[PDB]
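Trainee: What follows is a structure written as structure tokens; I'll ask about it next.
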Amino acid sequence: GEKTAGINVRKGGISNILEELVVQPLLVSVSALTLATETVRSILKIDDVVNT
Amino acid sequence: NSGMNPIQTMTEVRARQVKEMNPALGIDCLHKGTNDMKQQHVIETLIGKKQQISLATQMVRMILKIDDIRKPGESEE
Amino acid sequence: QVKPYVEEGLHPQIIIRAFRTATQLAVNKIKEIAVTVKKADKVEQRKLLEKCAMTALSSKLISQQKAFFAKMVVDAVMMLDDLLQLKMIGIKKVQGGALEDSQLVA
Amino acid sequence: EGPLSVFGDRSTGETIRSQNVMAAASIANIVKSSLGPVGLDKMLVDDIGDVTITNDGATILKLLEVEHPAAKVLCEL
Amino acid sequence: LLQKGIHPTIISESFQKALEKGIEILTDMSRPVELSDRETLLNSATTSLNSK
Amino acid sequence: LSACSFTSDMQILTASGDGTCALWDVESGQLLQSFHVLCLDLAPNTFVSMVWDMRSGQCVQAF
Amino acid sequence: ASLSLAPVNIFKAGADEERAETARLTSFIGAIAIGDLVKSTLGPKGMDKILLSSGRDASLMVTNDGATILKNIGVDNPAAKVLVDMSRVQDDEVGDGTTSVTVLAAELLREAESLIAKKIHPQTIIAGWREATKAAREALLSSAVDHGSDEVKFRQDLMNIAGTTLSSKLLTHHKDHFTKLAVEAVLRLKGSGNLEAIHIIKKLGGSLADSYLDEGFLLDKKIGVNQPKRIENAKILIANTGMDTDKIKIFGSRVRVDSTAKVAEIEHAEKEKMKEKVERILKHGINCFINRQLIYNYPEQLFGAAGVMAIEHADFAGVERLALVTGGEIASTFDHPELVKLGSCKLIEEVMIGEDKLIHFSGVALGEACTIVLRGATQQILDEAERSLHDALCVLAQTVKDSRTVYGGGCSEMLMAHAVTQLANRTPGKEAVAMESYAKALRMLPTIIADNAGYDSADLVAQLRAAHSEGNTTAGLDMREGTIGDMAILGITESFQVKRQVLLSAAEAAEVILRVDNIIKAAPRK
Amino acid sequence: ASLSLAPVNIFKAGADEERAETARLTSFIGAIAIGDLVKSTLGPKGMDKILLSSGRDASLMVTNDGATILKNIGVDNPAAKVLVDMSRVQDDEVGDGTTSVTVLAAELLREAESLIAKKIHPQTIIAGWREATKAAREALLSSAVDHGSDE
Amino acid sequence: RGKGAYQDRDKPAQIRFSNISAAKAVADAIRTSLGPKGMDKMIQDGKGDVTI
Ligand SMILES: Nc1ncnc2c1ncn2[C@@H]1O[C@H](COP(=O)(O)OP(=O)(O)O)[C@@H](O)[C@H]1O
Ligand SMILES: Nc1ncnc2c1ncn2[C@@H]1O[C@H](COP(=O)(O)OP(=O)(O)O)[C@@H](O)[C@H]1O
Ligand SMILES: [Mg+2]
């Protein structure tokens with residue numbers, strides 16, 4: 001049920017990551033997902049390589 | 001190899017094997033209509049399967065245990 | 001470990017003498033604390049041999065069958081008479097077969 | 001070479017760390033003999049007979065021809 | 001996925017659906033911020049600078 | 001770079017194996033217009049490489 | 001006795017010639033190889049190709065366009081060169097059909113080699129193909145439908161045509177959004193055919209669905225230093241003047257004095273001339289000033305002190321697009337302020353797109369010029385999206401020029417081939433066989449379309465043939481699930497011009513290549 | 001991934017590997033070349049060939065026999081080798097029909113190439129050809145006439 | 001029904017596999033430099049320039 005839980009390098013295990021003040025803007029993750037998915041979709045449409 | 005869809009056919013055969021206890025259901029490669037290999041008379045020796053599994057496991061163990069290669073790299077003629 | 005002292009001009013003879021002293025002390029300690037049992041019964045002697053063989057074998061690709069091979073090795077060695085020639089233990093390798101198919105013939 | 005497909009060499013892990021430490025130790029051992037009142041100077045022939053006699057570490061490391069980046073770091077230091 | 005016999009177009013469409021669902025999930029996770037909250041900005045910058 | 005015929009010293013004509021000559025000026029340093037090469041002879045506001053026109057930025061006489 | 005196979009040698013070193021069988025073999029092999037390469041990129045389920053340049057830059061290019069694929073390949077087979085030139089000319093004439101025409105020519109030449117193997121003189125094949133082309137063309141013309149009178153039906157036709165054009169390309173992911181985008185961009189031209197009036201800006205980053213058509217115009221230039229960065233109710237003045245140490249055009253003139261005081265006076269006179277020119281420009285009563293050439297520091301400072309934006313170095317395309325979108329006049333003299341029209345827009349400002357700043361024109365007066373912003377994940381994605389939009393805009397402009405439309409999805413090919421078969425059934429001799437081969441290639445086109453989708457092409461093509469012979473003139477492939485259906489309801493439509501051009505160009509190239517019986521090559525330079 | 005198209009090089013120098021479409025292309029090309037070469041020497045109006053050897057003696061041989069044409073040539077295509085061995089075995093079994101069997105095999109493989117181009121699995125082609133061979137053999141046997149009783 | 005389309009051409013599958021292998025190799029190469037415990041890389045160009 002807890003969603004603010006992540007890798008805690010300082011403690012060495014799993015803890016509420018907000019206690020370590022490890023936060024990042026949502027735009028970074030959203031852009032990462034969108035761009036990676038678009039690149040994968042573009043690559044999946046390729047089926048031949050031609051040397052110019 | 002028989003042109004059928006792999007994942008769908010394998011999933012259906014596995015589900016049929018789980019539903020009714022029948023370890024004789026396989027892949028209808030020749031399209032005879034039925035999936036029961038006991039009726040289709042597709043028979044292999046037990047020793048063959050046991051040897052296949054054993055040899056594959058041992059060779060995979062060897063390949064996994066190797067973590068270093070020292071080739072001469074001379075590319076000799 | 002002795003490299004840093006070598007770099008700072010320590011005489012090699014001192015290092016050699018220290019190594020000899022430490023090695024003598026360690027060997028004496030090993031001989032002192034090594035566990036031996038003075039009962040001379042065959043059952044626990046065979047158990048000791050099997051345990052030593054398993055430990056020696058638990059680093060190789062046959063480690064999964066180390067008990068089987070260890071028992072076979074113990075039997076093979078115990079069938080040797082008094083000098084334990086290696087040439088009296090034939091080893092034939094036949095391609096094809098599982099490790100568990102290996103056999104020892106009396 | 002391999003799936004990475006980069007036109008060049010690649011060292012990873014303990015190998016590159018050891019190489020960097022070796023380069024730094026080489027630079028240190030070059031000038032280790034010129035430290036303290038019981039230190040001694042050095043001659044630096046400049047490939048055409050020019051001679052530079054010095055004890056200053058900066059001059060020695062600047063006049064030397066170094067190629068390893070981890071050693072250029074110490075020279076610039 | 002391809003080794004099982006799945007056409008790349010199906011894979012791309014499924015990945016698009018997964019990306020849309022993931023964007024929704026990430027948006028549901030996040031919380032709003034105010035530029036007057038200096039502590040949040042400092043924490044974001046520090047999280048950016050831990051790996052460097 | 002093959003051709004760097006400095007010009008009217010207000011402008012510089014430069015070209016290389018790219019195949020598209022570039023018109024630069026000295027003061028501003030901005031590429032005025034890249035004309036879509038080994039020679040950059042000027043008028044013996046126009047130049048020949050194909051004759052190009054400054055006033056229109058297009059080839060006017062081909063031979 | 002052959003020219004090359006003779007006791008005496010009649011050629012230079014390196015020259016070569018191939019007689020009838022060898023020349024036909026070479027031509028057919030080259031053409032079939034080109035057709036096989038360009039195909040499998042055809043139809044809604046066609047895939048893309050990667051073009052690795054071997055040059056210094058090693059440019060990377062992934063594309064689905066047949067013309068682009070055929071352009072950037074090293075071709076030595078002369079017949080393949082003929083087909084490549086065909087594809088290029090087809091691209092120049094109309095936006096789409098580059099792959100279809102090449103595939104049709106390749107299939108025609110394959111049927112031609114079959115007929116030659118069946119001991120048929122190539123002239124008979126050519127005559128039969130000419131008759132078949134005439135019949136197919138007249139049938140396709142009879143099948144055309146026009147909706148230019150009804151504005152709503154014409155807009156629906158534009159929607160369908162843009163969707164069909166974008167179906168094969170990478171934009172099929174957001175086909176609906178991109179179809180609306182392209183249709184609006186074309187309709188904003190107010191009937192003009194100027195495809196250069198539509199500017200496509202490719203900015204890296206962001207999703208492909210973030211691409212949009214700006215309601216006004218976007219300029220990628222910069223404003224001066226002291227000039228304002230935002231103007232409401234702008235009064236545009238578009239110019240093509242010097243604004244940069246504009247020397248008097250008497251090139252034989254020079255300053256020759258006997259004192260530096262006179263030199264300073266002449267310098268002040270030059271500066272006063274520039275100031276008077278700027279005052280004459282400002283007499284028009286303007287807020288913004290776009291010049292095609294550069295603006296130096298003194299006129300820039302004067303404009304800034306006047307509170308006027310001075311956008312500089314807007315090239316010929318830039319000033320033309322600004323004139324089209326704002327209604328201004330590209331002036332070069334300012335002695336008659338009342339005779340020059342000024343462009344107008346509600347607002348000018350700077351916008352932040354990605355990491356680059358651009359000038360935004362909002363609330364434009366005329367708007368007969370569009371700026372389409374493309375956002376993508378890679379440079380290759382942006383380039384392919386630009387190519388797909390170019391194809392869609394070209395086809396939409398052609399449809400605007402000529403509103404006649406024909407049904408796609410193999411329907412046109414089935415109808416033309418059915419007409420050809422009907423003609424062949426009434427023709428005696430081997431011309432009937434040639435006509436049947438022509439129809440066979442026409443069927444092979446949607447057969448390849450269905451092959452690219454993984455469907456059962458034989459059954460689908462048989463069903464299409466039966467439906468078209470029965471009288472169902474609008475039957476076609478339904479790629480959504482893999483059946484046949486009515487192309488009118490499904491809204492699969494394409495320009496009549498494009499299909500007719502594809503058919504005619506393919507027939508012409510097949511006839512030209514088939515006429516060849518000898519290939520003679522001169523010694524190359526290398 | 002295939003052996004040749006893998007980042008690691010798994011073969012000796014000079015050894016290669018041809019996958020499905022390439023192997024079919026090479027096999028069909030070799031078979032069609034053999035069939036086209038051996039034909040035109042078929043039927044009453046067939047013409048003969050000249051076999052000029054490249055050896056030191058440079059043996060000259062004019063011939064109409066398909067088996068002699070096929071055996072006395074430098075064959076590198078493995079499918080062409082299969083057809084050549086077929087012709088030799090046919091000659092060994094009976095003295096005639098070498099050209100006929102070679103041409104029939106070449107035509108069958110040409111039709112197989114067309115069928116493969118039409119997206120048909122080769123096992124289906126093989127099963128259909130087995131049925132066709134059964135039918136044709138039965139028809140030919142039923143068509144045979146014997147006159148050994150009357151001298 | 002029986003068998004479906006044969007798919008005589010194997011080149012598209014090889015192209016897809018090679019593209020995936022290259023992408024996976026790049027991801028594995030840069031994997032080590034992720035997170036607060038990630039480590040930098042030193043790259044020496046053909047010109048001899050060095051960057052960390
Ligand atoms: N949604 C669709 N359904 C059926 N067929 C289509 C569809 N979209 C395009 N096609 C067909 O695909 C063919 C090829 O179009 P495309 O590959 O986009 O450009 P080109 O005509 O240059 O090959 C056209 O002849 C068209 O009939
Ligand atoms: N007089 C003939 N009329 C019609 N067909 C013939 C005649 N003589 C031979 N043939 C046909 O020519 C074919 C080829 O025979 P031939 O050219 O001798 O080579 P091979 O017998 O090795 O195939 C045979 O199948 C035969 O049916
Ligand atoms: Mg198209």
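In the structure tokens, chains take the letters A, B, ... in the order shown, each chain's residues start at 1, and ligands count up from 1 in the order shown.
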Tell me which protein, DNA and RNA residues are within 6 Å of segment 47-64 of chain D, counting only C-alpha atoms, leaving out same-chain ones fewer than 5 positions away, and put them as a VMD selection string.
Mentor: chain D and resid 34 41 to 42 75
Trainee: Using only C-alpha atoms and all ligand atoms, find each protein or nucleic acid residue lying at most 10 Å from ligand 3; present the set as a ChimeraX atom specification.
Mentor: /G:41-44,64-66,95-100,161-169,388,391-392,395,494,498
Trainee: Taking C-alpha atoms for each residue, export the selection above as a PDB file, in the first residue's frame.
Mentor:
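Now in selection29.pdb:
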ATOM      1  CA  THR G  41       6.934  -1.065 -47.736  1.00  0.00           C
ATOM      2  CA  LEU G  42       3.516  -0.885 -49.423  1.00  0.00           C
ATOM      3  CA  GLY G  43       0.078  -0.654 -47.860  1.00  0.00           C
ATOM      4  CA  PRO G  44      -1.014   0.122 -44.304  1.00  0.00           C
ATOM      5  CA  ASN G  64       8.955   4.449 -45.836  1.00  0.00           C
ATOM      6  CA  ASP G  65       8.945   6.631 -48.965  1.00  0.00           C
ATOM      7  CA  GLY G  66       9.719   4.689 -52.126  1.00  0.00           C
ATOM      8  CA  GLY G  95       3.200  13.456 -53.733  1.00  0.00           C
ATOM      9  CA  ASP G  96       2.236   9.797 -53.377  1.00  0.00           C
ATOM     10  CA  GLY G  97       2.415   6.691 -55.542  1.00  0.00           C
ATOM     11  CA  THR G  98       6.210   6.412 -55.624  1.00  0.00           C
ATOM     12  CA  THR G  99       6.202   2.829 -54.335  1.00  0.00           C
ATOM     13  CA  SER G 100       3.103   1.737 -56.255  1.00  0.00           C
ATOM     14  CA  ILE G 161      -7.551  11.101 -48.695  1.00  0.00           C
ATOM     15  CA  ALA G 162      -5.218  12.440 -46.004  1.00  0.00           C
ATOM     16  CA  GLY G 163      -5.946   9.412 -43.830  1.00  0.00           C
ATOM     17  CA  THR G 164      -5.280   6.991 -46.681  1.00  0.00           C
ATOM     18  CA  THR G 165      -2.028   8.773 -47.531  1.00  0.00           C
ATOM     19  CA  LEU G 166      -0.859   8.739 -43.902  1.00  0.00           C
ATOM     20  CA  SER G 167      -1.980   5.146 -43.242  1.00  0.00           C
ATOM     21  CA  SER G 168       1.249   3.542 -44.461  1.00  0.00           C
ATOM     22  CA  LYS G 169       3.680   6.014 -42.885  1.00  0.00           C
ATOM     23  CA  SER G 388       4.971  11.900 -44.448  1.00  0.00           C
ATOM     24  CA  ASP G 391       3.349  13.533 -49.011  1.00  0.00           C
ATOM     25  CA  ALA G 392      -0.002  14.256 -47.354  1.00  0.00           C
ATOM     26  CA  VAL G 395      -1.775  14.850 -52.267  1.00  0.00           C
ATOM     27  CA  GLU G 494      -7.307   8.597 -53.015  1.00  0.00           C
ATOM     28  CA  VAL G 498      -2.273  10.017 -58.390  1.00  0.00           C
TER      29      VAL G 498
END
Trainee: For residue 14 of chain I, please output as an MDAnalysis selection string all residues within 12 Å (counting only C-alpha atoms; exclusion window: fewer than 5 positions along the same chain).
Mentor: (chainID A and resid 46:49) or (chainID E and resid 2:3) or (chainID H and resid 1:7 19:20) or (chainID I and resid 9 19:21)
Trainee: To one decimal place, how far is atom CA of residue 23 of chain H from atom CA of residue 437 of chain G in Å?
Mentor: 28.9 Å
Trainee: Apply DSSP to the backbone of this structure and, from chain F, keep only the residues in strand (DSSP E); write these as a VMD selection string.
Mentor: chain F and resid 11 to 14 21 to 25 31 to 35 41 to 42 46 to 48 51 to 53 59 to 61
Trainee: I need the contact residues of chain G against chain E, so if you could list those with any atom within 10 Å, counting only C-alpha atoms, and return them as a list in words, that would help.
Mentor: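 Going by the stated atoms only, the list reads residues 45, 47, 173, 453 and 454 of chain G.
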Trainee: Step by step, measure atom-to-atom distances between ligand 2 and each residue using only C-alpha atoms and all ligand atoms, keep those at most 6 Å, then write them as an NGL selection string.
Mentor: :H and (41-44 or 96-100)
Trainee: Put those residues in a file: N, CA and C atoms, as a PDB file, in the first residue's frame.
Mentor:
ATOM      1  N   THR H  41      18.458 -29.617 -76.054  1.00  0.00           N
ATOM      2  CA  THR H  41      18.979 -30.880 -76.556  1.00  0.00           C
ATOM      3  C   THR H  41      17.945 -31.991 -76.440  1.00  0.00           C
ATOM      4  N   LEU H  42      16.667 -31.631 -76.503  1.00  0.00           N
ATOM      5  CA  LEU H  42      15.561 -32.522 -76.195  1.00  0.00           C
ATOM      6  C   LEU H  42      14.651 -32.653 -77.406  1.00  0.00           C
ATOM      7  N   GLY H  43      14.188 -33.871 -77.661  1.00  0.00           N
ATOM      8  CA  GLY H  43      13.277 -34.124 -78.750  1.00  0.00           C
ATOM      9  C   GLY H  43      13.991 -34.344 -80.065  1.00  0.00           C
ATOM     10  N   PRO H  44      13.226 -34.668 -81.111  1.00  0.00           N
ATOM     11  CA  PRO H  44      13.850 -34.960 -82.412  1.00  0.00           C
ATOM     12  C   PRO H  44      14.644 -33.802 -82.984  1.00  0.00           C
ATOM     13  N   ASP H  96      18.521 -44.050 -71.274  1.00  0.00           N
ATOM     14  CA  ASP H  96      17.838 -42.904 -71.851  1.00  0.00           C
ATOM     15  C   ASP H  96      17.149 -42.102 -70.756  1.00  0.00           C
ATOM     16  N   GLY H  97      16.626 -40.942 -71.146  1.00  0.00           N
ATOM     17  CA  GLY H  97      15.829 -40.128 -70.255  1.00  0.00           C
ATOM     18  C   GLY H  97      16.597 -39.218 -69.327  1.00  0.00           C
ATOM     19  N   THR H  98      17.907 -39.060 -69.522  1.00  0.00           N
ATOM     20  CA  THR H  98      18.681 -38.178 -68.654  1.00  0.00           C
ATOM     21  C   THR H  98      18.249 -36.726 -68.818  1.00  0.00           C
ATOM     22  N   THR H  99      18.177 -36.254 -70.063  1.00  0.00           N
ATOM     23  CA  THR H  99      17.720 -34.893 -70.310  1.00  0.00           C
ATOM     24  C   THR H  99      16.293 -34.703 -69.822  1.00  0.00           C
ATOM     25  N   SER H 100      15.434 -35.698 -70.049  1.00  0.00           N
ATOM     26  CA  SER H 100      14.039 -35.580 -69.641  1.00  0.00           C
ATOM     27  C   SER H 100      13.917 -35.431 -68.132  1.00  0.00           C
TER      28      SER H 100
END
Trainee: If you run DSSP on the backbone, which residues of chain A are alpha helix (DSSP H), as a list in words?
Mentor: residues 26, 27, 28, 29, 30, 31, 32, 33, 34, 35, 36, 37, 38, 39, 40, 41, 42, 43 and 44 of chain A
Trainee: Need the shell around residue 2 of chain B: protein/DNA/RNA residues with any atom at most 12 Å away, counting only C-alpha atoms. Skip same-chain ones fewer than 4 positions apart. Format as a PDB file with N, CA and C atoms, in the first residue's frame?
Mentor:
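Written output follows (result21.pdb):
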ATOM      1  N   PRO B   6       2.741 -20.234 -32.243  1.00  0.00           N
ATOM      2  CA  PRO B   6       3.388 -20.964 -31.146  1.00  0.00           C
ATOM      3  C   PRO B   6       2.754 -20.734 -29.786  1.00  0.00           C
ATOM      4  N   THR B   9      -1.073 -21.898 -29.386  1.00  0.00           N
ATOM      5  CA  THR B   9      -1.231 -23.348 -29.403  1.00  0.00           C
ATOM      6  C   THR B   9      -0.643 -23.982 -28.151  1.00  0.00           C
ATOM      7  N   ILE B  27       1.384 -31.168 -29.638  1.00  0.00           N
ATOM      8  CA  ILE B  27       1.178 -30.230 -30.735  1.00  0.00           C
ATOM      9  C   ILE B  27       0.845 -31.022 -31.991  1.00  0.00           C
ATOM     10  N   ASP B  28      -0.341 -30.779 -32.547  1.00  0.00           N
ATOM     11  CA  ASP B  28      -0.810 -31.495 -33.734  1.00  0.00           C
ATOM     12  C   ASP B  28      -0.045 -30.984 -34.952  1.00  0.00           C
ATOM     13  N   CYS B  29       1.182 -31.486 -35.104  1.00  0.00           N
ATOM     14  CA  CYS B  29       2.041 -31.030 -36.192  1.00  0.00           C
ATOM     15  C   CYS B  29       1.472 -31.407 -37.554  1.00  0.00           C
ATOM     16  N   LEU B  30       0.920 -32.611 -37.678  1.00  0.00           N
ATOM     17  CA  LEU B  30       0.414 -33.097 -38.954  1.00  0.00           C
ATOM     18  C   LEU B  30      -1.040 -32.722 -39.203  1.00  0.00           C
ATOM     19  N   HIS B  31      -1.666 -31.982 -38.286  1.00  0.00           N
ATOM     20  CA  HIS B  31      -3.037 -31.499 -38.452  1.00  0.00           C
ATOM     21  C   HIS B  31      -4.014 -32.656 -38.658  1.00  0.00           C
TER      22      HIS B  31
ATOM     23  N   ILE H 120       3.512 -20.227 -49.628  1.00  0.00           N
ATOM     24  CA  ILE H 120       3.077 -21.591 -49.357  1.00  0.00           C
ATOM     25  C   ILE H 120       4.219 -22.326 -48.672  1.00  0.00           C
ATOM     26  N   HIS H 121       3.924 -22.965 -47.547  1.00  0.00           N
ATOM     27  CA  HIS H 121       4.953 -23.695 -46.818  1.00  0.00           C
ATOM     28  C   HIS H 121       5.445 -24.868 -47.658  1.00  0.00           C
ATOM     29  N   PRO H 122       6.757 -25.094 -47.743  1.00  0.00           N
ATOM     30  CA  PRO H 122       7.267 -26.158 -48.625  1.00  0.00           C
ATOM     31  C   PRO H 122       6.784 -27.552 -48.265  1.00  0.00           C
ATOM     32  N   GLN H 123       6.408 -27.805 -47.010  1.00  0.00           N
ATOM     33  CA  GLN H 123       5.886 -29.123 -46.662  1.00  0.00           C
ATOM     34  C   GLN H 123       4.558 -29.390 -47.358  1.00  0.00           C
ATOM     35  N   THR H 124       3.718 -28.361 -47.485  1.00  0.00           N
ATOM     36  CA  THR H 124       2.482 -28.506 -48.245  1.00  0.00           C
ATOM     37  C   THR H 124       2.776 -28.846 -49.700  1.00  0.00           C
TER      38      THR H 124
ATOM     39  N   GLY I   2      -5.477 -24.879 -41.095  1.00  0.00           N
ATOM     40  CA  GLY I   2      -4.137 -25.430 -41.206  1.00  0.00           C
ATOM     41  C   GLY I   2      -3.081 -24.357 -41.036  1.00  0.00           C
ATOM     42  N   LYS I   3      -2.074 -24.396 -41.901  1.00  0.00           N
ATOM     43  CA  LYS I   3      -0.961 -23.464 -41.816  1.00  0.00           C
ATOM     44  C   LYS I   3      -1.366 -22.086 -42.325  1.00  0.00           C
ATOM     45  N   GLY I   4      -0.715 -21.066 -41.785  1.00  0.00           N
ATOM     46  CA  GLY I   4      -0.907 -19.694 -42.214  1.00  0.00           C
ATOM     47  C   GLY I   4       0.101 -19.276 -43.260  1.00  0.00           C
ATOM     48  N   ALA I   5       0.358 -17.972 -43.320  1.00  0.00           N
ATOM     49  CA  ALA I   5       1.361 -17.453 -44.239  1.00  0.00           C
ATOM     50  C   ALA I   5       2.730 -18.031 -43.908  1.00  0.00           C
ATOM     51  N   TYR I   6       3.461 -18.434 -44.948  1.00  0.00           N
ATOM     52  CA  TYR I   6       4.738 -19.105 -44.731  1.00  0.00           C
ATOM     53  C   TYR I   6       5.789 -18.149 -44.179  1.00  0.00           C
TER      54      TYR I   6
END
Trainee: Write out as a PyMOL selection string each polymer residue whose atoms come within 10 Å of residue 69 of chain H, counting only C-alpha atoms; drop sequence neighbours fewer than 2 positions from it.
Mentor: chain H and resi 37-38+48-51+61-67+71-73+84+87+99
